[PDB]
Amino acid sequence: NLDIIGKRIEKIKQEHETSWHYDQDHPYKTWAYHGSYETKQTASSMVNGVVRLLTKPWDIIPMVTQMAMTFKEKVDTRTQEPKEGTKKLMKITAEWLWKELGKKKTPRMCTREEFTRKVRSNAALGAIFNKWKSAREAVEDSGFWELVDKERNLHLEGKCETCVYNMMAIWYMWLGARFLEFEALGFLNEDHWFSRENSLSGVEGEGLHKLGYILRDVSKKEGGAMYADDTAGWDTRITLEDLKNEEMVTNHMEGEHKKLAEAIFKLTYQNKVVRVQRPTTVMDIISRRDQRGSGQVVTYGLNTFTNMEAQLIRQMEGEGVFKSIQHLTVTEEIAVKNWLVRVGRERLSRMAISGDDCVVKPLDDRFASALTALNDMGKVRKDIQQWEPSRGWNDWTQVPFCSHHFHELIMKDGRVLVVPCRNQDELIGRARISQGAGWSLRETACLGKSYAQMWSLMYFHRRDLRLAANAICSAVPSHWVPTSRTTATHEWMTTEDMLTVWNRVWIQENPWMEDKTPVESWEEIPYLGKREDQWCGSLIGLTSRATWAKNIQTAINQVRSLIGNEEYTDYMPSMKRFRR
Ligand SMILES: CCS(=O)(=O)NCc1ccc2c(c1)OCO2
Ligand SMILES: [Zn+2]
Ligand SMILES: [Zn+2]
């Protein structure tokens, strides 16, 4: 308790000595409370005018228009200690999994140089505003690095002063604490520990154009249904036993790195200090030992790790490797170890795991009712009763993964595309939203262009999105560079011709495409069936959509008149209906 977190608490106390009060009407039950102090402040979603003016039919669709308008009683819950059998299953599995992930990789520290480059190219590192304005300024000023140095030597000493979370559920830290996290644990992401090649279950770096092909490869295995169970609030169900199995990656480290990594896990992950906005407006300084509250990129890799572990154990339960979670007998331990050594890698290859999101094709359907370990680890399924067997999927094209489903699409020349899809109202509603202040018209146009190029590359098979993408690319000056403020692979972020990028992604670099004959025009690139396009939210067949398509040059010219006298290209004649 207070020996590890007290210093951080002590320091915050003295910075607000005029306001410190141990409030008695504090709402916390599962968080340890320490005190309050005086503050007063809060970032709503803004509309992208360029995308909205070129998507007029969706102005009257509430599922689109409501997305631009507008659980902290789940963070204040507790997770029971797993049983002795469960804790043993997790420890054996975690030990084995870190070794497999480590066979072809070397843990190493990430550099000030690597960190500096990251900040000088807009990556959502989740820092705060004070002493310097932005991340860019702090990184050039040598004073920062002396503060970083002071904390760094404190961590080597086994102590912490400034590594404090700020709730808003996204936990921002100051850039310094973020650096020390990245230096110790960035290697998991920077060196692709959760690539499919390295982890067998993972999809880190894979790209939305690969995920369908990966699910179709899992479908080819002999076994039962495909299970895709969502966890209810994964980050809140991370136990202290989970955080200790994750820390075992430090067993693979040496020297300084081992000590620096050990301090991130001990001082910031397995003990936390957080400041929260309460409107009754004070700042509450609360602590807890468990739950996930790391940088979003370390969170992704450790979520993937612990999800891989949890699903191998659920597979062991289905296959009868152990009888009960109450207690592992000495000979069950050797059977579990032996299962891992004998079939562990095969069983990883039966899964696609993206942080808290999984798809599992088990050996058979005993998996569906193998719920004792999953429930006792705290990984309780969403939208199904605790002990009701899982509903599996019989067809890989129906399975949900990373907010998508996947279609098999046959080109007029016989070649097979596996394409990503989701309800079209979600895609159009997201492209009509921006975040943050001070957007110029040019910056808004360049964000519209990023969405349009993503649609041309990933959702070309949706009639409405290929037309809207062509319209936006026609309305934005041809040489203006697509932008984003918060940055999977992003091949649409480019000024290269989108047909050339489509050829590179879907033909040249596609390992599931044997014939490498380039496509010569957009008209060779197919759509979903008309009925399937409607099922997935198309407006084809509506009067509003027909008027929009017919009159699209008038909408393009409205946006061109607002942006002014610039160089534009007409992309509409890439589509048959606008080709005379
Ligand atoms: C290929 C470019 S397009 O999407 O603009 N034309 C196809 C189409 C238009 C109207 C329809 C339809 C299909 O089915 C019902 O009404
Ligand atoms: Zn610290
Ligand atoms: Zn679809």
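Counting starts at 1 for both ligands and their atoms, in listed order. All residue numbers in this chain count up from 1 along the given sequence. Values below: all heavy atoms of this structure, side chains included; hydrogens, waters and symmetry mates excluded.
- Close approach of ligand 1 to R463 is summarised as follows: ligand atoms under 4.0 Å from at least one heavy atom of the residue are 4 (O).
- A cation-pi arrangement, defined by a distance under 6.0 Å to the six-membered ring centre and an angle within 45 degrees of its axis, is present between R466 and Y527.
- Salt bridge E114/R117: absent, no basic N to carboxylate O contact under 4.0 Å.
- Heavy atoms from other residues, nucleotides or ligands lying under 6.0 Å from NZ of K56 number 12 at most.
- From the protein, the heavy atom lying nearest to atom 2 (C) of ligand 1 is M575 CE, 3.9 Å.
- Atom 6 (N) of ligand 1 is not flagged as protein-proximal [any protein heavy atom, distance under 4.0 Å].
- At a 3.5 angstrom cut-off on N or O pairs, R577 counts as close to ligand 1.
- For atom 16 (O) of ligand 1, the nearest non-hydrogen atom of the protein is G541 N, 3.6 Å.
- Residue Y172 qualifies as open at atom OH: its count of foreign heavy atoms under 6.0 Å is 12 or below.
- Between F182 and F115, the ring planes are tilted. Angles from 30° to 60° get that label.
- For atom 1 (C) of ligand 1, the closest non-hydrogen atom of the protein is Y527 CE1, 3.9 Å.
- Closest protein heavy atom to atom 13 (C) of ligand 1: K530 CD, 4.1 Å.
- For the side chain to side chain contact (heavy atoms under 4.5 Å, CB included) criterion with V418, the lone passing option out of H407, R216, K210 is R216.
- Heavy atoms of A549 come nearer than 4.0 angstrom to ligand 1 in no pair at all.
- In this structure, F187 and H257 have perpendicular ring planes: the angle between them is above 60°, well past the 30° mark.
- Aromatic ring orientation, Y459 versus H404: parallel (interplanar angle below 30°, classes split at 30° and 60°).
- Heavy-atom separations between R545 and ligand 1 include at least one value shorter than 4.0 Å.
- Residues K272 and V164 fail the side-chain proximity criterion, which asks for heavy atoms closer than 4.5 Å.
- Inside a sphere of radius 2.8 Å centred on the Zn ion (ligand 2), the protein N/O/S atoms present are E151 OE1, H155 NE2, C160 SG, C163 SG.
- For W548 and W58, the ring centers sit closer than 6.0 Å to each other.
- Ring geometry, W171 versus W31: the interplanar angle falls from 30° to 60°, so the pair is classed tilted.
- Excluding waters, the count of protein N/O/S atoms less than 2.8 Å from the Zn ion (ligand 3) comes to 4.
- Between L156 and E256 the shortest side-chain heavy-atom distance falls below 4.5 Å.
- Heavy-atom contacts from other residues, nucleotides or ligands closer than 6.0 Å to CG of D413 number more than 12.
- Note on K576 versus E523: no salt bridge recorded, every NZ/NE/NH1/NH2 to OD/OE distance being 4.0 Å or above.
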